[PDB]
Amino acid sequence: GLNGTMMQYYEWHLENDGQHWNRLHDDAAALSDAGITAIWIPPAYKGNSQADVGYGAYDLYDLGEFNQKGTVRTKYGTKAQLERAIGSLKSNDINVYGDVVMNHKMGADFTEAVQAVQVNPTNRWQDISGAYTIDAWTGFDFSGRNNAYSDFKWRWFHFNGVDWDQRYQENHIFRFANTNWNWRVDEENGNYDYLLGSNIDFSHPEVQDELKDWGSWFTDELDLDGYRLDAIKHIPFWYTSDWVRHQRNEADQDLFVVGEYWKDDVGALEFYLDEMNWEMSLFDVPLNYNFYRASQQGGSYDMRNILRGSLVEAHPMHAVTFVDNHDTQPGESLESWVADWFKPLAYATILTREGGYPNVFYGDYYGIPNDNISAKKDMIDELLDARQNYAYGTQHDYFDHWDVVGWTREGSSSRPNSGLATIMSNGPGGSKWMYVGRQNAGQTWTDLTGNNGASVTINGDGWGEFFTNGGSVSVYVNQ
Ligand code: NA
Ligand code: NA
Ligand code: NA
């Protein structure tokens, strides 16, 4: 039972060469070795076009298998190549979590005439026009799949809103007259049901059942071990709960479930987790924003607050920790990018501490060429070494100075030579006496990261004095 580490295996600006599944296939053994235990794959199904990152969600039953939207393959490759990749993951002891997008659809085959009212963007409760007829992109027939797997077809009456009127060619937020916004949902802009595209109305039983059945079809087709659920703050809470329960029923395998409730507000997250009866984890979005505040502010940031307000502080067993993703990366919709100087500190925080299930971002591991962002594979690999081989046993925390902080793990007898001491500063360097466990007395610990040449000998009471340089992190272990 090595500590688990997941990886998001894509970034926004990946090349559209259709070879990503094959890359994943060939990378599997190396990822296992490095300490990755689970992979979050991008949406595997056909979006608006071939170059869709995956959130188009045109046809959930088309995994790069049918000629629809101007391509057989998705951006990532063919269904056959995806299944080959998954086999390779499975035989290297890596779990596969499928990205799941149920909030909306885009790329409809045809428009339909629809009575709609304009609502106020910042208050979707409030109409700002009378009902009139728009043309909405709501008709989905899936020509090319020809009823493989599912003969279900989507129509306007499965939706409650769009943001584009094709009749008079205008952007507005539209509620379909005589439909309701979903509920319960996040209450920013009054009701935050509507995000983009054609918004799915979960009030209809045909819909509830379709996404449950699609859910189970997908899980069985790819042999998934779990899911990331995107946009779950815009999807009615009762349905996400019903959906998750349904999948666990249908599936023989255990299913890990992580939801993205994108809010810088752990209370909002905790409520969601109340409503879900603690049947999934969430991404730790406030922590994302802690790291980003730190990155942006520089050393004046008080490092005692680095974990404060975070999901992982409060519910480590329900937290998926991360530094950045495809939406936080530069120029993206939720941009909150951790600069290179702070990034090792953030990664050490989520990889070497006992709480949270950490996620490594492909873009950090392999680089983001589009933006001249370097691959940080070596830095991350050392932290993975720390996590997999050394971050065990009782933990001691030292958030006791505004620049310099750290923590230790005493190791466990199950894992020989395990134990570690992390120290970092976001300002001038320094040192700190920290306890690593009386049982490690007399050992000599060195920095996995290479940022510090100090040798740290553990005293007879089990204390060492650990050193960090300025704007840096070190992780000392018994090598
Ligand atoms: Na929605
Ligand atoms: Na970030
Ligand atoms: Na500071």
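Within every chain, numbering proceeds from 1 in written sequence order, not necessarily in step with the numbering of the entry, and residues without coordinates do not appear. Lettering of chains starts at A and numbering of ligands starts at 1, both following the order in which they are written. Side-chain measures here rest on the full set of heavy atoms in the structure, leaving out hydrogens and waters. Residues with missing side-chain atoms are left out of burial classes, side-chain pairs and their counts.

Regarding how it was determined, this PDB entry cites X-ray crystallography in its header, along with a resolution of 2.02 Å.

The next thing to look at is the nonpolar core. By size, the foremost hydrophobic cluster in this structure holds 126 residues, and its most contacted members are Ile 39, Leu 211, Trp 214, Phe 218, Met 280 and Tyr 347. Note on definitions: a residue-residue contact is assigned when non-hydrogen atoms from the two residues lie within 4.5 Å. Contact partners of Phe 218, with chain neighbours within four places excluded, come to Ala 44, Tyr 45, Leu 63, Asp 99, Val 100 and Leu 224. By size, the runner-up hydrophobic cluster in this structure holds 11 residues, among which are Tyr 398, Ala 421, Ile 458 and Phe 466. The nonpolar core is taken to be a set of buried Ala, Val, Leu, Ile, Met, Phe, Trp, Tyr and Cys residues, with the residues joined through side-chain atoms within 4.5 Å. Buried, partly exposed and exposed residues are distinguished by accessible area as a fraction of the type maximum, computed with a 1.4 Å probe on protein chains only: under 20%, between the cut-offs, and over 50%, respectively.

Its 14 residues place the ends of helix α4 (residues 237-250) 20 Å apart at the C-alpha level, agreeing with the 20 Å of an ideal helix rising 1.5 Å per residue. Secondary structure elements are defined from DSSP: runs of H or I of at least 4 residues count as helices, runs of E of at least 2 residues count as strands, and each element is numbered from the N terminus. Of all the positions in α4, only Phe 237, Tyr 239, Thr 240, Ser 241, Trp 243, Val 244 and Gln 247 are classed as buried. For α4, the secondary structure elements touched by its buried residues are β3 (95-100), α3 (205-222), β11 (226-229), β12 (256-259) and α5 (266-275). One fewer than the residue count of a helix, multiplied by 1.5 Å, yields its expected span.

For the purposes of this description, domain bounds are those given by an automatic or database domain assignment. Annotation of the protein at the domain level lists domain 1 (6-101 + 206-389), domain 2 (105-204) and domain 3 (395-477). Each of domain 1 and domain 3 has a C-alpha centre, and the two are 30 Å apart. Residue-level contacts link 22 residues of domain 1 with 22 residues of domain 3. The quantity reported as buried area is the accessible area (1.4 Å probe) lost by two parts once they are put together, taken as the sum for both. Of the roughly 1,900 Å² buried at the junction of domain 1 and domain 3 (both faces included), carbon and sulfur atoms supply 60%. For this analysis, a salt bridge means a side-chain nitrogen from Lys or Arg found within 4 Å of a carboxyl oxygen belonging to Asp or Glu. Where domain 1 meets domain 3, there are 1 salt bridge. With a closest N to O distance of 2.8 Å, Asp 397 and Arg 353 form a salt bridge. What qualifies as a polar contact is a pair of N or O atoms within 3.5 Å, subject to a donor-acceptor requirement within protein and to the restriction that residues adjacent in sequence count only when both atoms come from side chains. There are 7 residue pairs in polar contact connecting domain 1 and domain 3.

Below, the discussion takes up the coordination of the sodium ion (ligand 2). At this site the sodium ion (ligand 2) is bound by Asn 288 (OD1), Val 323 (O), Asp 324 (OD) and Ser 336 (O), with donor distances of 2.2 to 2.4 Å. For the sodium ion (ligand 2), the single-chain donor residues occur in sequence as N-x34-V-D-x11-S. On the criterion of sequence distance, the pair formed by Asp 324 in the loop between β14 (319-321) and α8 (343-351) and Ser 336 in the loop between β14 and α8 is long-range, its members being 12 residues apart. We note that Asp 324, like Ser 336, is buried. Water is not among the atoms examined, so metal sites may look incomplete; donors are the N, O and S atoms within 2.8 Å of the metal, or within 3.2 Å for Na, K and Ca.

Method remark: on a 1 Å grid restricted to protein atoms, a set of points is classed as a cavity if a 1.4 Å probe fits but cannot get out and as a pocket if it is open with protein on both sides within 12 Å along at least five of seven lines; lining residues have an atom within 4 Å of a point. Grid points are joined across faces, edges and corners, and a volume is the space filled by probe spheres set on the points. In this model, the largest pocket occupies a volume close to 500 Å³. Around the largest pocket sit 24 residues that line it, and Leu 195, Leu 196, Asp 230, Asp 327 and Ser 333 are the ones nearest its centre. In terms of residue class, the lining of the largest pocket is made up of 11 nonpolar, 7 polar and 6 charged. Taken together, 17 residues make up the lining of the second largest pocket; nearest its centre are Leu 307, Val 312, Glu 313, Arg 353 and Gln 395. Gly counts as polar in this scheme, as do all residues outside two lists: the nonpolar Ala, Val, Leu, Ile, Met, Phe, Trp, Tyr, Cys and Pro, and the charged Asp, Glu, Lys and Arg. When its residues are assigned to classes, the lining of the second largest pocket shows 6 nonpolar, 5 polar and 6 charged. Each of domain 1 (6-101 + 206-389) and domain 3 (395-477) contributes no fewer than three residues to the lining of the second largest pocket.

Our next topic: the sheet that holds strand β13 (residues 281-283). Taken in spatial order, the 8 strands of this closed barrel run β1-β2-β3-β11-β12-β13-β14-β15, and their pairing is parallel. Between one strand axis and the next, the sheet turns by 30° as a mean value, whatever way the strands run. Paired strands are those between which DSSP finds at least two bridges. Here, axes are lines fitted to C-alpha atoms. For helices the fit covers the stretch in contact, and angles between N-to-C directions go from 0 to 180 degrees.

Within the open sheet, the 6 strands sit side by side as β16-β17-β18-β23-β20-β21. Their pairing is antiparallel. Pairing within the sheet leaves two strands with one partner each, and these edge strands are β16 (395-398) and β21 (455-457). Each strand of the sheet is rotated relative to its neighbour by a mean of 20°, with strand direction disregarded. Sheet contacts for α8: β17 (404-409), β18 (420-425) and β23 (472-477); angle to β18, the most-contacted strand, approximately 145°.

Right, let's get into the UniProt feature "binding site: Ca(2+) 3" (unreviewed entry) in the protein. UniProt positions are given in the numbering used here, feature names are shortened, and annotations may be inferred rather than shown by experiment. In the numbering used here, UniProt assigns the feature "binding site: Ca(2+) 3" (unreviewed entry) to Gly 299 and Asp 403. For the annotated residues, spread through 105 residues, the largest C-alpha to C-alpha distance comes to 6.9 Å, consistent with a single compact locus. With respect to the secondary-structure elements, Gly 299 resides in the loop between α6 (285-297) and α7 (311-314). According to the relative accessible area criterion, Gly 299 is partly exposed, its value standing at 31%. Those residues in contact with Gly 299 that lie beyond four places of it in its chain are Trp 341, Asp 403 and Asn 426. One can find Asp 403 in the loop between β16 and β17. The class for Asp 403 is buried, based on a relative accessible area of 12%. Not counting residues within four places of it along the chain, the set of residues in contact with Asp 403 comprises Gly 299, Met 303, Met 424, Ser 425, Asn 426, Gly 427 and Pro 428.

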